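Consider the single chain below, provided in structure tokens and representing the form deposited in one PDB entry.
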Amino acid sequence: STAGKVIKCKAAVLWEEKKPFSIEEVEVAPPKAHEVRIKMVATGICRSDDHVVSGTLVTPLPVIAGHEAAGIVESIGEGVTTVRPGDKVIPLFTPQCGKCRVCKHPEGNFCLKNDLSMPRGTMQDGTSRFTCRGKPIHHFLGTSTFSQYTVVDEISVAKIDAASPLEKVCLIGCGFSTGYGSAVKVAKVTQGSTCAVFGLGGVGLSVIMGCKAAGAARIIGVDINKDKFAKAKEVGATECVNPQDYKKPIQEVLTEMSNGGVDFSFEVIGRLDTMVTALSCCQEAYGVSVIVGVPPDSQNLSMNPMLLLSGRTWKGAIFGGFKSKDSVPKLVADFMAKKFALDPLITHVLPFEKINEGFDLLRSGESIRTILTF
């Protein structure tokens, strides 16, 4: 029906930095070899999408952003074996080629085919599948989910359970997996341990979820906005701390609370000060601190290497350390097995055409997560 031909549909185009998204009629070309064309069903609004708007995540413009989504396969290009028309799917902003030294490494997941390190804003073949009135439009992280239809490389898509609620599991595309994996995969939280989570937005709640899944005995949420405490406790926080409530530095408060430091700490916020606070507040001999995000325009931080010499470990990761094509279907199956809940993370749902209102919600701090529906 549409296979093999151009699809005319709507997409949200960002023509220039620091502008609202423009809803436009675009033409989406059919998939070439080893490409997959997908009809979007739902897409989440992530901070990283806002970083494109601000000019802080530098990627070629004009662009179709969006990287956290789920949809249904409309058609497949020549030689595609891992998905078929009609399959439910989640685009992978961190690809899993299976061939490169990172994909072949037991602990690596940042596949060398990614479009994040040096963004080209294209398909793997160096071209674009999008045009708006004959003007080419860039891809974003090989996903481009702010469109009714997108085309992705086979290495950037994963087949998921056909019974999945796509309006919920789209979170596995970025925010949930990123926080959850940071606990379960990167830190490797252990049973009965004490965890501290700095930032109680959607990613921080996902870290709490992971700490709970791993059986942490204490999970201390830290945030200056006390209206985030209720949800943090719902999803597994055992106590919450507001640093503004105190006369002493937060790392001291946490060190005293945990009888000499936490087992695992997580910095979600992206703030250089809490990155060092989170490191300092873990036990000096065996503590592990994980950086879950860094704003793309971050300056250097200043820290004393003596924090590490005692035996601390400091690490970061993309996409929760998950090998993406392997892990996403497993995470969906975990959701389908009722291992964890996704509803507490969803605070707003809007039709796709209201994408700008959704970004206002993001920017004001009012939403944990907004899902856009097609």
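Note that the rigid core is defined as the largest set of C-alphas that superpose within 1.5 Å between two forms. A residue's number is simply how far along the shown sequence it sits, counting from 1.
Chemist: Quick one: higher average CA temperature factor, 48-56 or 332-340?
Modeler: For C-alpha atoms only, the mean B-factor is higher in 332-340.
Chemist: When the C-alpha temperature factors are averaged for each of 135-143 and 242-250, which stretch ends up with the higher value in the entry?
Modeler: According to the PDB entry, the answer is 242-250.
Chemist: Looking at 269, 174, 279, 72, which has the highest CA B-factor as recorded?
Modeler: Of the options given, 269 has the highest CA B-factor in the PDB entry.
Chemist: Looking at 166, 197, 92, 290, which has the highest CA B-factor as recorded?
Modeler: Comparing C-alpha B-factors across 166, 197, 92, 290, the maximum falls on 166.
Chemist: Quick one: classify residue 365 as lowest, middle or highest third of the chain based on its Cα B-factor.
Modeler: Highest third of the chain for residue 365's C-alpha B-factor.
Chemist: Quick check for you: using the entry's CA B-factors within this chain, is residue 214 in the lowest, middle or highest third?
Modeler: Its C-alpha B-factor belongs to the highest third of this chain's values.
Chemist: If you rank every modelled residue in this chain by C-alpha B factor, which third holds residue 84: lowest, middle or highest?
Modeler: Tercile = highest for this residue's CA B-factor.
Chemist: In terms of the CA temperature factor given in the entry, to which third of its chain does residue 115 belong: lowest, middle or highest?
Modeler: Answer is middle: the recorded C-alpha B-factor places it there.
Chemist: Quick check for you: using the entry's CA B-factors within this chain, is residue 185 in the lowest, middle or highest third?
Modeler: It falls in the middle third of the chain.
Same protein, other form: the form deposited in another entry, not shown, and the subject of what follows.
Chemist: Might you check 234, 78, 245, 125 and identify the only one whose CA position changes by 2 Å or more between the shown form and the other one on rigid-core superposition?
Modeler: Spelled out, the residue whose C-alpha shifts by 2 Å or more is 245.
Chemist: Hey, does residue 98 budge by 2 Å or more at the Cα between the shown form and the other one once the core is superposed?
Modeler: Moves: no, less than 2 Å.
Chemist: Cα of residue 296 displaced 2 Å or more between the shown form and the other one, core superposed?
Modeler: Comparing the forms between the shown form and the other one, which are aligned on their rigid core, residue 296 does shift its C-alpha by 2 Å or more.
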